[PDB]
Every structure is written in C-alpha cells, then in structure tokens.
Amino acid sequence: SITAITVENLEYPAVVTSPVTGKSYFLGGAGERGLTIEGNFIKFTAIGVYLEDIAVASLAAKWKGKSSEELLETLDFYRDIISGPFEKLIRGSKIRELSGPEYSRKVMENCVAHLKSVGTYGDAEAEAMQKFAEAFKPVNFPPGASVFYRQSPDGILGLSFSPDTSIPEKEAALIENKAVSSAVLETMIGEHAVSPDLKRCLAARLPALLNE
C-alpha cells in the first residue's frame, strides 16, 4: 500500500533496494529542508527517510493499534525509529545547488549540538565528525544531485554521493561511531527537530503497515 512521494519534482519511490547491503526499504516519509531568510522559507533540499522492511515487525509490538495522531505525539515512537534494530536510508536531493562544504556545515552543526546535548561528544565523536566533513569536501550538489546516509544498526554511518537521485553502487565513506551513526536521523525526526513534515509522514504511513 505505501505510496511514492514527490517533493518539488523530486520523486521518492515507495520502495528501494541497497546496492551496498542488498537490503530493501520502504518509504517512511519525505519532506524538505532549507533556510528561513527574513521570515521567508527558502527551500534547498528534499529529504526522504527509508526504513528497512524488517522495521515493521520490530515496531509492531509497541506501536501496532495506535492512531496516527497518537504516534505523532509520542516521542518514544520516534526514538524506536531512530534507534531501532534495522537499517535506515536517508536520501537528500538538492532543490538549489550547494557545495559539499556548504551543505555539510549545517548538518554537522545540528549533529554536534545533539551529541553535546546528550553527553556523547568526546574525542572519538569529534574525529568521526571531522571524517564526516572530509567526505563532503570534494563533492558538489547541483539541483537533483543527492546524498545517501545509510544508518546501519551496527553503529556505522555509510555515506554515498550521486550526481542525480539514483543510489550509487559504492559508498564514499564509512563513519564508524555509534553516537554519530544516528545523529543525522535524530536531527530530522528526533525530539528537538523543529520541522515536523517527516514526523507527520511517519505517523500517518506506519499504522497501516503495523496492522498487517
């Protein structure tokens, strides 16, 4: 039943399969991010969050039978999605052109704030974030180009870059750090993520799946 979602002419298929891990995912939600300039929301990128198919069985126990409205207001629900025992794939496709450094600046800012916020920002995490930064430096994201974050439940964050929206065969880098591995998704649907579009998609789409 899960449908595809299109954001600013950028389409997010209902399902995708990783060329890296071979695992298949379903679209949990899609939205957009940007900057508010002079009270005006300026869109820069689209974001899609895919959850490994096994996520359903994992989330079923605790969340089956809950209404979308109920899930949306429950922080614990999103915590299970962020740190659940399954892989998550996040695809960011640019609406406006951004260089790797330009784009990564904000993302890293948000990740670092979160990490410090929960008391897990030591030397290992700073080094992981520096490696994160390094991976983006040689990259440019013209409209339509994409970044793929593969959040492995084993504490690893795989980074892939594409000239368009197709998922690359090989990953550009592997950030091996547990706390950092979930930081990116946390800044998107975690408690302190202001933008609700992704959270709403998840709360709306998951109930149907959690019942069958």
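Note that residue numbering begins at 1 and tracks the sequence as displayed.
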- Task: Tell me which of 58-66 and 176-184 has the higher mean C-alpha B-factor in the deposited entry.
- Result: 58-66
- Task: State which stretch shows the higher mean Cα B factor in the entry: 87-95 or 68-76.
- Result: 68-76
- Give the position of residue 37 by CA B-factor within its chain, expressed as the lowest, middle or highest third. highest
- Note on the structure: Split the chain's modelled residues into thirds by Cα B-factor; residue 49 lands in the middle
- Could you say whether, by C-alpha temperature factor, residue 198 belongs to the lowest, middle or highest third of its chain? middle
- Message: Using the temperature factors of the C-alpha atoms in this entry, rank residue 160 within its chain: lowest, middle or highest third.
- Response: middle
- Task: Could you look up the Cα B-factor of residue 170 in the entry and say which third of the chain it sits in: lowest, middle or highest?
- Result: highest
